[PDB]
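Trainee: quick one: initial chain(s) of a complex, as found there:
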Amino acid sequence: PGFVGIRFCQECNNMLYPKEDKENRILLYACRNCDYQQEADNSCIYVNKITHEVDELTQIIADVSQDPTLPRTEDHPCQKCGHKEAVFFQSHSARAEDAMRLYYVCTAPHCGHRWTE
Amino acid sequence: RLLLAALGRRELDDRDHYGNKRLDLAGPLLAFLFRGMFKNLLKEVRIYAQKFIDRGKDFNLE
């Protein structure tokens, strides 16, 4: 599935809480500070992923490729730009080092391509 | 920073890191001590001048 974000009351720049409408059995994000209501786009209001399988590829930024302290490799090239040199590194985040996974970011500038073998 | 600490994406800090420890020399120490006791000296000077202005006489600096 996917996460569901904040619905914003735009005119007073505030939060919207989902409350039910019983006249037609629908869900309506209403403001508590003022009177502003929006239809619920989806039935999911709250979701908790407990397995902690988050996209570490999106978590990792591409600026780490130019760091000299990180080791450099040439075994696997960049897929999009074809440059041979990649940087292999770990998660560096908690509750992940139980499985040490390798992430390659291409050292070629202006491509910014990262991938997992 | 607290949210990234709770998530664990950012690693926590260690009190044993000498990068995160500073080392005071005699300079900051003497400056701080002189600051405090110079404030005490100014307190003495102002209460002395206040005593003379209560007495209606001009305060003597020396």
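Mentor: Happy to help now that I have it. Numbers count the residues shown, from 1 in each chain, chains lettered A, B, ... in the order given.
Trainee: give me the three-state assignment for residue B:24.
Mentor: With DSSP: H, G, I helix; E, B strand; the rest coil as the basis, residue B:24 sits in coil.
Trainee: distance of it relative to residue B:54?
Mentor: 42 Å (CB to CB, to the nearest Å). Using the backbone N, CA and C atoms, a C-beta is placed for each residue, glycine as well.
Trainee: one more: residue B:30?
Mentor: From residue B:30 across to residue B:54, the span is 35 Å (CB to CB).
Trainee: how many neighbours does residue A:78 have?
Mentor: Neighbourhood size, residue A:78 [other CB atoms under 10 Å in any protein chain shown]: 20.
Trainee: just checking, it touches residue A:109?
Mentor: No: contact criterion CB atoms under 8 Å: residue A:78 and residue A:109 do not qualify, at 11.3 Å.
Trainee: domain assignment for chain A?
Mentor: A:4-48, A:49-117 (CATH domains of a matching chain).
Trainee: wait, does the shortest one contact chain B?
Mentor: No: with CB under 8 Å from any CB of the partner chain as the criterion, chain B is not reached by domain A:4-48; the gap is at least 14.0 Å.
Trainee: off-centre distance for that domain?
Mentor: Relative to its chain's centre, domain A:4-48 lies at 23 Å (CA atoms, centre = their mean, to the nearest Å).
Trainee: again, but for the longest one
Mentor: Using CA atoms, centre = their mean, the distance from the centre of domain A:49-117 to the centre of the chain it belongs to is 15 Å.
Trainee: distance between the ends of it?
Mentor: Terminal residues of domain A:49-117 lie 24 Å apart, using CA to CA, to the nearest Å.
Trainee: redo the domains of chain A as CSV? Include distance to residue B:15.
Mentor: Listed next are the domains of chain A as CSV, based on distance: least, CB to CB, whole Å:
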stretch, distance to residue B:15
domain A:4-48, 33
domain A:49-117, 18
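Trainee: append chain C to the structure above:
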Amino acid sequence: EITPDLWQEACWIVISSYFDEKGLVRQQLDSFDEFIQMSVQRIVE
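Mentor: So that you can see how it sits with the rest, here is chain C on the chains above:
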């Protein structure tokens, strides 16, 4: 240019120059002189 075999004597004379310039009590003298040069006037101002 630089020679790996003469690098030992090169780094040793670098060490000699560094100790001849500095000494050992540089941090004590520098902290005290910095304090007595600017910090006390900064306190009184």
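Trainee: once more on the neighbour count of residue A:78, with chain C this time?
Mentor: For residue A:78, the neighbour count with other CB under 10 Å is 20.
Trainee: could you check how far the residue lying closest to it once chain neighbours are set aside is from residue B:9?
Mentor: Distances taken as CB to CB, 6 or more residues apart in numbering or on different chains put residue A:106 closest to residue A:78, at 3.6 Å, once the chain neighbours are dropped. Look at residue A:106 and residue B:9: by CB to CB, they are 23 Å apart.
Trainee: the more surrounded of these two?
Mentor: When residue A:106 and residue B:9 are compared for neighbours, residue A:106 comes out ahead with 24 against 17, by other CB under 10 Å.
Trainee: tell me which residues touch the more buried one, please.
Mentor: A:65, A:77, A:78, A:80, A:81, A:83, A:85, A:86, A:87, A:112, A:113, A:114 (CB atoms under 8 Å, 6 or more residues apart in numbering or on different chains).
Trainee: please repeat the previous calculation with a cut-off of 6 Å.
Mentor: By CB atoms under 6 Å, 6 or more residues apart in numbering or on different chains, the contact set of residue A:106 is A:78, A:83, A:86, A:113.
Trainee: beta-bridge partners for the third one, please?
Mentor: Meaning residue A:86. Here residue A:86 sits in beta bridges with residue A:73, residue A:106, going by DSSP bridges.
Trainee: hang on, it packs against residue A:102?
Mentor: No: using CB atoms under 6 Å, residue A:86 makes no contact with residue A:102, being 9.9 Å away.
Trainee: identify the contacts common to these two.
Mentor: Counting by CB under 6 Å, 6+ apart, nothing touches both residue A:86 and residue A:102.
Trainee: looking at these two, which one has more neighbours?
Mentor: With neighbours defined as other CB under 10 Å, residue A:86 and residue A:102 compare such that residue A:86 has more, 25 against 14.
Trainee: quick check: that one vs chain C, distance?
Mentor: 32 Å (CB to the nearest CB, to the nearest Å).
Trainee: another chain to add, chain D:
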Amino acid sequence: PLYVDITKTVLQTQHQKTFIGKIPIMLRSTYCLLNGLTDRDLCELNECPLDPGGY
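Mentor: This next block brings in chain D, placed alongside the chains you saw above:
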């Protein structure tokens, strides 16, 4: 010895070179007597040239 100048405005009065007190100096400092003296001058002044100082 340490001095300050005094600016009072009761009528502005200036009182320059007013003694506060005496502040300790460690040896071989920039205001110490043992500043710039060579080994000959220091041994004439009966102090060790090889002493580091700073205390």
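Trainee: once more on the contacts of residue A:106, with chain D this time?
Mentor: A:78, A:83, A:86, A:113.
Trainee: please apply the same query to residue B:59.
Mentor: B:49, B:52.
Trainee: give me the distance between it and chain A.
Mentor: 59 Å.
Trainee: spatially central residue for the chain, please.
Mentor: I went with chain A, as the question did not name one. residue A:58 (5.6 Å; CA atoms, centre = their mean).
Trainee: hmm, back to that, so which of the contacts of residue A:106 is the closest to chain D?
Mentor: Closest approach between these and chain D, by CB to the nearest CB: residue A:86, at 52.9 Å.
Trainee: surely the closest one meets residue A:104?
Mentor: Yes: the pair residue A:86 / residue A:104 is scored as a contact, 3.9 Å apart, by CB under 6 Å.
Trainee: what residues does chain B put near chain C?
Mentor: With CB under 6 Å from any CB of the partner chain as the criterion, chain B meets chain C at residues B:25, B:26, B:27, B:30, B:31, B:35.
Trainee: give me the secondary structure label for the third one.
Mentor: Spelled out, that is residue B:27. Assignment for residue B:27 (three-state DSSP): helix.
Trainee: residue contacts, it?
Mentor: C:31, C:34, C:35.
Trainee: Three-state assignment for the first one, please.
Mentor: Spelled out, that is residue C:31. Per three-state DSSP, residue C:31 ends up helix.
Trainee: same deal with the last one?
Mentor: State at residue C:35, reduced to three classes by three-state DSSP: helix.
Trainee: tell me the spacing between it and residue D:36.
Mentor: Taking CB to CB, one finds residue C:35 at 20 Å from residue D:36.
Trainee: neighbour count for those two, which is higher?
Mentor: Neighbours per residue (other CB under 10 Å) separate residue C:35 from residue D:36, with residue C:35 holding more: 20 against 9.
Trainee: may I see the contacts of residue A:106 organised as CSV, with distance to residue A:48 and secondary structure added?
Mentor: Shown next, in CSV, are the contacts of residue A:106 (distance: CB to CB, whole Å; DSSP: H, G, I helix; E, B strand; the rest coil):
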residue, distance to residue A:48, secondary structure
A:78, 36, coil
A:83, 40, coil
A:86, 35, strand
A:113, 32, coil
